[PDB]
>>> print(open('upload-v9.txt').read())   # compact mmCIF, C-alpha atoms
# COMPACT_ATOMS: atom_id res chain seq x y z
CA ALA A 1 -9.32 -15.46 -17.86
CA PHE A 2 -8.96 -14.66 -14.16
CA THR A 3 -11.40 -15.45 -11.36
CA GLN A 4 -11.10 -13.78 -7.93
CA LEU A 5 -9.73 -15.94 -5.12
CA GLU A 6 -10.94 -15.31 -1.58
CA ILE A 7 -8.11 -15.40 0.98
CA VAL A 8 -9.25 -16.73 4.37
CA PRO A 9 -7.66 -18.13 7.59
CA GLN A 10 -6.17 -21.63 7.36
CA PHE A 11 -7.02 -23.60 10.51
CA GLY A 12 -4.01 -25.69 11.54
CA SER A 13 -1.41 -23.14 10.47
CA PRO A 14 -1.48 -20.19 12.89
CA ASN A 15 -1.49 -16.78 11.14
CA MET A 16 -1.79 -18.27 7.63
CA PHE A 17 -4.18 -16.78 5.10
CA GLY A 18 -4.92 -18.49 1.80
CA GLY A 19 -7.36 -19.97 -0.70
CA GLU A 20 -7.51 -22.53 -3.50
CA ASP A 21 -9.26 -23.94 -6.55
CA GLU A 22 -8.94 -27.21 -8.52
CA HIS A 23 -5.57 -26.08 -9.88
CA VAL A 24 -3.73 -23.73 -7.48
CA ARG A 25 -3.35 -22.81 -3.77
CA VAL A 26 -2.08 -19.36 -2.75
CA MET A 27 -0.80 -18.51 0.76
CA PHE A 28 0.47 -15.55 2.77
CA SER A 29 1.55 -15.22 6.40
CA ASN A 30 0.37 -12.44 8.69
CA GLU A 31 3.25 -10.81 10.54
CA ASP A 32 1.17 -7.80 11.66
CA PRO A 33 1.12 -8.09 15.46
CA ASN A 34 -2.00 -5.95 16.03
CA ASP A 35 -4.55 -7.06 13.43
CA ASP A 36 -5.73 -10.69 13.37
CA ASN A 37 -7.75 -9.96 10.21
CA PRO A 38 -5.42 -8.09 7.80
CA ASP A 39 -6.23 -6.62 4.38
CA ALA A 40 -2.65 -6.68 3.08
CA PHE A 41 0.59 -8.69 3.25
CA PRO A 42 3.78 -6.54 3.33
CA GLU A 43 6.19 -9.42 4.09
CA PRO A 44 7.09 -12.20 1.62
CA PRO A 45 7.18 -15.04 0.77
CA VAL A 46 3.99 -15.92 -1.08
CA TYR A 47 3.46 -19.69 -1.36
CA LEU A 48 2.05 -21.14 -4.60
CA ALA A 49 1.08 -24.82 -4.75
CA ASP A 50 0.68 -26.31 -8.22
CA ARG A 51 -1.96 -28.88 -7.31
CA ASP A 52 -1.62 -30.72 -10.66
CA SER A 53 2.06 -31.69 -10.30
CA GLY A 54 2.02 -31.43 -6.49
CA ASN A 55 5.04 -29.12 -6.36
CA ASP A 56 5.41 -25.72 -4.68
CA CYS A 57 7.34 -22.52 -5.18
CA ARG A 58 7.81 -19.21 -3.40
CA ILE A 59 7.49 -15.61 -4.56
CA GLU A 60 10.49 -14.22 -2.64
CA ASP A 61 10.30 -10.48 -3.34
CA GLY A 62 7.28 -8.24 -3.98
CA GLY A 63 5.21 -5.11 -3.26
CA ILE A 64 2.53 -5.13 -0.56
CA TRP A 65 0.08 -7.87 -1.54
CA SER A 66 -3.61 -6.98 -1.35
CA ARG A 67 -5.69 -9.66 0.31
CA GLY A 68 -8.56 -10.13 -2.12
CA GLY A 69 -6.45 -8.65 -4.90
CA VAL A 70 -5.64 -12.25 -5.84
CA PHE A 71 -6.92 -13.94 -9.01
CA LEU A 72 -6.42 -17.43 -10.49
CA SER A 73 -6.44 -18.20 -14.22
CA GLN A 74 -8.93 -20.66 -15.71
CA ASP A 75 -6.18 -23.01 -16.99
CA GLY A 76 -4.54 -22.67 -13.56
CA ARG A 77 -1.24 -21.60 -15.13
CA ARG A 78 -1.26 -17.95 -13.93
CA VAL A 79 -1.93 -16.04 -10.72
CA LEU A 80 -2.81 -12.34 -10.92
CA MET A 81 -1.86 -10.11 -8.00
CA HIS A 82 -2.48 -6.53 -6.91
CA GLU A 83 0.70 -5.11 -5.33
CA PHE A 84 1.05 -1.56 -4.01
CA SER A 85 3.66 0.63 -2.35
CA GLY A 86 2.82 4.02 -0.88
CA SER A 87 0.59 5.56 -3.56
CA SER A 88 1.84 3.28 -6.35
CA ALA A 89 -0.04 0.19 -7.49
CA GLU A 90 0.47 -2.53 -10.07
CA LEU A 91 -0.98 -5.74 -11.38
CA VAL A 92 1.50 -8.59 -11.53
CA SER A 93 0.92 -11.98 -13.14
CA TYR A 94 2.98 -14.94 -11.94
CA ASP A 95 3.60 -18.42 -13.32
CA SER A 96 1.81 -20.75 -10.92
CA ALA A 97 4.45 -23.46 -11.47
CA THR A 98 7.72 -21.45 -11.24
CA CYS A 99 6.69 -18.27 -9.32
CA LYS A 100 8.43 -16.25 -12.05
CA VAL A 101 6.95 -12.85 -12.97
CA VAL A 102 5.30 -13.13 -16.40
CA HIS A 103 3.79 -9.65 -16.71
CA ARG A 104 3.90 -6.39 -14.78
CA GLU A 105 1.79 -3.29 -15.32
CA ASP A 106 1.64 0.09 -13.59
CA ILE A 107 -1.86 0.95 -12.35
CA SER A 108 -0.93 3.97 -10.24
CA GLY A 109 -3.62 6.62 -9.73
CA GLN A 110 -6.30 4.52 -11.45
CA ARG A 111 -9.15 2.80 -9.71
CA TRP A 112 -9.41 -0.77 -10.98
CA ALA A 113 -11.51 -3.90 -11.47
CA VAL A 114 -10.82 -7.28 -13.06
CA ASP A 115 -12.97 -10.22 -14.06
CA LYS A 116 -13.33 -12.71 -16.94
CA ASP A 117 -14.23 -9.76 -19.24
CA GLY A 118 -10.89 -7.94 -18.73
CA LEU A 119 -9.28 -5.05 -16.85
CA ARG A 120 -11.10 -1.77 -16.28
CA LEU A 121 -9.11 1.33 -15.31
CA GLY A 122 -10.70 4.61 -14.22
CA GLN A 123 -9.51 8.16 -13.55
CA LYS A 124 -11.43 11.00 -11.84
CA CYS A 125 -13.36 8.84 -9.37
CA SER A 126 -15.49 9.77 -6.34
CA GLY A 127 -15.51 6.41 -4.52
CA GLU A 128 -13.59 3.13 -4.15
CA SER A 129 -15.47 1.45 -7.05
CA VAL A 130 -14.25 1.98 -10.64
CA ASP A 131 -17.86 2.70 -11.69
CA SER A 132 -17.41 5.98 -9.79
CA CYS A 133 -14.93 7.17 -12.42
CA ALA A 134 -15.71 9.81 -15.05
CA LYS A 135 -13.10 8.17 -17.30
CA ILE A 136 -13.02 4.38 -17.77
CA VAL A 137 -10.51 2.47 -19.93
CA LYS A 138 -10.67 -1.23 -20.84
CA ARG A 139 -7.36 -3.10 -21.12
CA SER A 140 -6.75 -6.66 -22.31
CA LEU A 141 -5.63 -9.26 -19.75
CA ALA A 142 -4.19 -11.42 -22.56
CA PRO A 143 -0.58 -10.49 -21.77
CA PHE A 144 -1.30 -11.60 -18.17
CA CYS A 145 -2.95 -14.86 -19.29
CA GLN A 146 -0.61 -16.05 -22.08
CA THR A 147 -2.85 -18.92 -23.17
CA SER B 1 0.04 12.76 25.86
CA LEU B 2 2.00 15.65 24.31
CA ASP B 3 1.63 14.52 20.68
CA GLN B 4 -2.18 14.80 20.96
CA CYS B 5 -2.42 18.09 19.02
CA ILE B 6 -1.09 16.23 15.94
CA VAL B 7 -3.22 13.06 16.27
CA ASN B 8 -6.24 15.38 16.64
CA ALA B 9 -5.12 17.26 13.52
CA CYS B 10 -4.92 13.89 11.74
CA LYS B 11 -8.28 12.52 12.87
CA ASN B 12 -10.02 15.75 11.77
CA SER B 13 -8.15 16.15 8.47
CA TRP B 14 -9.23 12.64 7.43
CA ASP B 15 -12.75 13.37 6.14
CA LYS B 16 -11.72 16.79 4.81
CA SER B 17 -11.00 17.58 1.15
CA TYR B 18 -8.03 19.88 0.44
CA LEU B 19 -8.43 19.45 -3.32
CA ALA B 20 -11.98 20.49 -4.25
CA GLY B 21 -13.18 17.17 -5.69
CA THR B 22 -10.96 14.37 -4.36
CA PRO B 23 -11.31 13.42 -0.64
CA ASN B 24 -8.16 13.49 1.52
CA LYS B 25 -8.29 9.73 2.23
CA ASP B 26 -7.78 9.08 -1.50
CA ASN B 27 -4.93 11.59 -1.81
CA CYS B 28 -1.82 11.34 0.42
CA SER B 29 -0.56 14.83 -0.49
CA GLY B 30 -3.99 16.35 0.23
CA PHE B 31 -4.14 14.80 3.72
CA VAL B 32 -0.73 16.17 4.74
CA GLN B 33 -1.83 19.60 3.46
CA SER B 34 -4.93 19.46 5.68
CA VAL B 35 -3.06 18.39 8.84
CA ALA B 36 -0.39 21.08 8.43
CA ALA B 37 -2.98 23.78 7.63
CA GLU B 38 -4.81 22.95 10.88
CA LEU B 39 -1.58 23.18 12.89
CA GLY B 40 -0.41 26.29 11.02
CA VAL B 41 2.73 24.71 9.59
CA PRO B 42 3.87 26.06 6.18
CA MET B 43 3.96 23.36 3.47
CA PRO B 44 5.54 23.22 -0.01
CA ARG B 45 3.02 23.23 -2.86
CA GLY B 46 2.12 20.70 -5.57
CA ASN B 47 1.86 16.90 -5.66
CA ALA B 48 3.60 14.43 -3.32
CA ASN B 49 6.69 14.35 -5.56
CA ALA B 50 6.95 18.16 -5.52
CA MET B 51 6.31 18.28 -1.77
CA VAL B 52 9.18 15.87 -1.00
CA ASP B 53 11.48 17.97 -3.21
CA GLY B 54 10.28 20.99 -1.20
CA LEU B 55 10.90 19.34 2.17
CA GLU B 56 14.40 18.22 1.15
CA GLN B 57 15.34 21.90 0.60
CA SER B 58 14.13 23.58 3.80
CA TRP B 59 13.08 21.00 6.42
CA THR B 60 15.82 19.16 8.33
CA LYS B 61 15.80 15.37 7.92
CA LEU B 62 16.21 12.70 10.60
CA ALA B 63 18.51 9.65 10.38
CA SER B 64 15.92 6.95 11.15
CA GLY B 65 12.19 6.29 11.43
CA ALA B 66 12.87 5.36 15.03
CA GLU B 67 14.10 8.94 15.51
CA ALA B 68 10.98 10.17 13.69
CA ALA B 69 8.79 8.62 16.39
CA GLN B 70 10.88 10.43 19.03
CA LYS B 71 10.18 13.85 17.48
CA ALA B 72 6.53 12.88 16.95
CA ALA B 73 6.08 11.96 20.62
CA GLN B 74 7.46 15.43 21.39
CA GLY B 75 4.68 17.18 19.45
CA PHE B 76 6.69 17.86 16.28
CA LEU B 77 5.16 17.45 12.81
CA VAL B 78 7.09 14.65 11.08
CA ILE B 79 6.59 13.80 7.40
CA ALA B 80 7.79 10.49 5.99
CA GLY B 81 8.14 10.72 2.21
CA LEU B 82 9.51 8.90 -0.83
CA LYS B 83 9.52 10.14 -4.44
CA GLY B 84 7.68 8.01 -6.99
CA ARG B 85 8.18 7.67 -10.74
CA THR B 86 4.91 9.61 -11.03
CA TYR B 87 2.98 9.08 -7.78
CA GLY B 88 5.06 9.75 -4.66
CA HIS B 89 3.77 9.16 -1.14
CA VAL B 90 3.71 11.20 2.08
CA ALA B 91 2.53 10.31 5.58
CA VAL B 92 2.21 11.89 9.01
CA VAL B 93 4.40 10.10 11.57
CA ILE B 94 2.91 9.51 15.03
CA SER B 95 4.24 8.11 18.32
CA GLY B 96 3.73 4.47 19.33
CA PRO B 97 5.11 0.91 18.84
CA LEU B 98 7.55 0.45 15.94
CA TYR B 99 6.68 -2.28 13.45
CA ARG B 100 9.53 -4.80 13.03
CA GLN B 101 11.39 -2.77 15.72
CA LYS B 102 12.18 -0.20 13.01
CA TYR B 103 9.26 1.55 11.29
CA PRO B 104 7.12 4.29 12.97
CA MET B 105 3.31 4.44 13.15
CA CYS B 106 1.56 6.70 10.63
CA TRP B 107 -1.55 8.43 9.27
CA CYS B 108 -1.89 8.70 5.49
CA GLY B 109 -4.44 8.67 2.68
CA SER B 110 -3.62 6.78 -0.52
CA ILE B 111 -4.97 6.61 -4.08
CA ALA B 112 -3.99 2.90 -4.09
CA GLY B 113 -7.09 1.98 -2.05
CA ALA B 114 -8.08 1.30 1.57
CA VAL B 115 -5.08 -1.04 1.69
CA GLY B 116 -2.67 1.91 1.32
CA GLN B 117 -4.57 4.03 3.85
CA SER B 118 -3.74 4.26 7.56
CA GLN B 119 -5.70 5.92 10.37
CA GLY B 120 -2.86 5.29 12.83
CA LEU B 121 -3.24 1.51 12.56
CA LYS B 122 -0.39 0.84 10.12
CA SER B 123 3.29 1.81 10.21
CA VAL B 124 5.18 3.25 7.24
CA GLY B 125 6.46 -0.31 6.73
CA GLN B 126 2.91 -1.58 6.17
CA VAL B 127 2.14 1.24 3.72
CA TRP B 128 5.37 1.18 1.68
CA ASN B 129 6.66 -2.16 0.37
CA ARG B 130 9.76 -4.11 1.48
CA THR B 131 12.09 -2.40 -1.03
CA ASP B 132 10.76 1.11 -0.49
CA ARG B 133 10.38 1.26 3.30
CA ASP B 134 14.17 1.40 3.76
CA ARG B 135 14.60 4.35 1.36
CA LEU B 136 12.20 6.72 3.16
CA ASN B 137 13.24 10.20 4.22
CA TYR B 138 11.96 11.58 7.51
CA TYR B 139 11.53 15.37 7.78
CA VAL B 140 10.71 17.39 10.89
CA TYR B 141 9.51 20.98 11.35
CA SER B 142 11.91 23.39 13.10
CA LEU B 143 9.39 24.59 15.72
CA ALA B 144 7.07 22.63 18.06
CA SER B 145 3.30 22.30 17.62
CA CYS B 146 1.97 21.35 21.06
CA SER B 147 4.45 23.07 23.44
>>> encode(input="upload-v9.txt", output="structure tokens")
Amino acid sequence: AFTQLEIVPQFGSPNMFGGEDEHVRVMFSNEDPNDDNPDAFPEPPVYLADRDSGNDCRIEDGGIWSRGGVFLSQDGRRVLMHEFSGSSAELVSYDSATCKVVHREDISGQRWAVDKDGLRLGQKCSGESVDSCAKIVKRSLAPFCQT
Amino acid sequence: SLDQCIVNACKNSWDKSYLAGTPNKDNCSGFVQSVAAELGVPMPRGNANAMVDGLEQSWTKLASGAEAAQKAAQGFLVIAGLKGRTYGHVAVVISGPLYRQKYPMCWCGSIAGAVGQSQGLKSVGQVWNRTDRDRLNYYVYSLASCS
């Protein structure tokens, strides 16, 4: 079960955007020279701190990370991430301890929303929100959670 | 500047809707169709994937995105484009500072979300991901637009 993580500036580390809960801290760096308040992170790495063991890893390669497309699992074992390229999109789930990819799924052309309930995927929309879609499909986040 | 006729064509084609229902800003192929129709520049038909196929046949292609900015600053319509597995992407290239000293500024709508969109504030390297951005093809129209 994933809960949304807000990604905000980290005072003390110039150009660092991140957030955390009891279990996991996620961090990007902003290499965009023009915007001091980005919405996306094209350039890796992504830093994941496993706050239980106190170790860290790095996601070294990856599609453009959506700020506020970041979700942490209840057990703290998984991190869910929205990653796009051009007009493609996908939801990737990573192992918070090893940074390994655990599940990938194409989401291209769909509008989307996740919460504790699951994943909602809509076609034929008329706005940014998935509730604007004439077709809405529920998909299980269990293969992302692996609990 | 000289490339103004194109930036104007972009700014106006943004809130338009080439495809009856879906707004241009949520459809990269629809936005390019609106810009080119304003400028009177013949465009291949179909989705982004079909358009790129179409450009590769008739339109001459440039060696680099740096060279794309050169043609763009000269008032030439320049389309950056990469074929997808199902959803390809296409963008208008405009003059201005190159991101990472390599990738040209752009205007494009995107079904991915606001993240994938650019109103001249993101380069093709901030729209396409790390892997993709180096596989882009840059196509230019034979004749000038603002001469």
>>> interface_residues(input="upload-v9.txt", of="chain B", to="chain A", cutoff="7 Å", atoms="only C-alpha atoms", output="number ranges by chain")
B: 22, 87-89, 110-113, 115-116, 126-130
>>> write_last_selection(input="upload-v9.txt", atoms="C-alpha atoms", output="CSV table (one decimal), in the coordinates of the input")
chain,number,residue,atom,x,y,z
B,22,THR,CA,-11.0,14.4,-4.4
B,87,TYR,CA,3.0,9.1,-7.8
B,88,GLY,CA,5.1,9.8,-4.7
B,89,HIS,CA,3.8,9.2,-1.1
B,110,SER,CA,-3.6,6.8,-0.5
B,111,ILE,CA,-5.0,6.6,-4.1
B,112,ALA,CA,-4.0,2.9,-4.1
B,113,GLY,CA,-7.1,2.0,-2.0
B,115,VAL,CA,-5.1,-1.0,1.7
B,116,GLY,CA,-2.7,1.9,1.3
B,126,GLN,CA,2.9,-1.6,6.2
B,127,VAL,CA,2.1,1.2,3.7
B,128,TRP,CA,5.4,1.2,1.7
B,129,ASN,CA,6.7,-2.2,0.4
B,130,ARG,CA,9.8,-4.1,1.5
>>> closest_residue(input="upload-v9.txt", among="A:138, A:105, A:12, A:100", to="residue A:122", atoms="all atoms listed in the file")
A:138
>>> residues_around(input="upload-v9.txt", residues="residue B:80", least_positions_apart="4", cutoff="9 Å", atoms="all atoms listed in the file", output="ChimeraX atom specification")
/B:52,65,68,89-93,106,124,136-140
>>> atom_distance(input="upload-v9.txt", atom1="atom CA of residue A:72", atom2="atom CA of residue A:5")
6.5 Å
>>> atom_distance(input="upload-v9.txt", atom1="atom CA of residue A:9", atom2="atom CA of residue A:47")
14.4 Å
>>> residues_around(input="upload-v9.txt", residues="residue A:96", least_positions_apart="2", cutoff="9 Å", atoms="only C-alpha atoms", output="list in words")
residues 24, 48, 49, 50, 56, 57, 72, 76, 77, 78, 79, 94, 98, 99 and 100 of chain A
>>> closest_residue(input="upload-v9.txt", among="B:82, B:73, B:55, B:105", to="residue B:2", atoms="only C-alpha atoms")
B:73
>>> atom_distance(input="upload-v9.txt", atom1="atom CA of residue A:30", atom2="atom CA of residue A:16")
6.3 Å
>>> residues_around(input="upload-v9.txt", residues="residue B:42", least_positions_apart="6", cutoff="10 Å", atoms="all atoms listed in the file", output="list in words")
residues 33, 36 and 141 of chain B
>>> axis_aligned_box(input="upload-v9.txt", around="stretch 101-108 of chain A", padding_each_side="5 Å", output="JSON")
{"center_x": 2.5, "center_y": -4.6, "center_z": -13.5, "size_x": 18.8, "size_y": 27.1, "size_z": 16.5}
